[PDB]
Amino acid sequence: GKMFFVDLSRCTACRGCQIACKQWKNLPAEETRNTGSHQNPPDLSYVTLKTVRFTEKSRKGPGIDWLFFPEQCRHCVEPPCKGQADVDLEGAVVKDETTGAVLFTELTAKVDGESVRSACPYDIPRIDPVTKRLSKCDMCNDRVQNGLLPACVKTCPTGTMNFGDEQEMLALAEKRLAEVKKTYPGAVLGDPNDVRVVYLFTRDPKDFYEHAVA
């Protein structure tokens, strides 16, 4: 199986990943407006599989702690979205044996979309108001099967985004956590045993986003 390691201690919020995801799949842009934040789109949607969340936290001295969170499906080892949906119809949500990708299919139009979102501990699935299909991050599974990095990983300039075989990436996450703690002592890995997208947070994960961790 494959895995992402996302070292949020290196993120510049360039939003290369957000754009590259849409370029590869030729996704449409949403209608957005500025409501007092650089964050946009404000949320994941049927047409937005990844958005970078921005959070400002006061600190003592000059400046802030500026927290950035490029959100995506965690590609859970034991996916609750699939456990749901398999109630209505098997084949709506499948798991790739080789990569470990969790994949939504066209049959998601036939299941209870709203229910499948609720089952997700990370609040990831989004519904098309018209066709009722569910969408989310698909791990760029076709790229991965063809020996390419996922679009968001390849584009990333800082080394925030990492991808590879699960043992290499777990070994990398443990090694990096130790190094990162020398600068950020309260650094933690997010649900490292449950998921295939392992975020390193510089502090309390919920500071980055309320569903940062399960």
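A residue's number is simply how far along the shown sequence it sits, counting from 1.
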Using only the Cα atoms and their B-factors as the entry lists them, report which of 191-199 and 20-28 averages higher.
191-199
Highest mean C-alpha temperature factor of the two stretches 134-142 and 112-120, which is it?
112-120
Looking at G63, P70, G159, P41, which has the highest CA B-factor as recorded?
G63
Chain-relative CA temperature factor third for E56:
lowest
In terms of the chain's CA B-factor thirds, is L170 lowest, middle or highest?
highest
Select lowest, middle or highest to describe the third in which the CA B-factor of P150 falls within its chain in this entry.
lowest
Which third of the chain does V213 land in by C-alpha B-factor: lowest, middle or highest?
middle
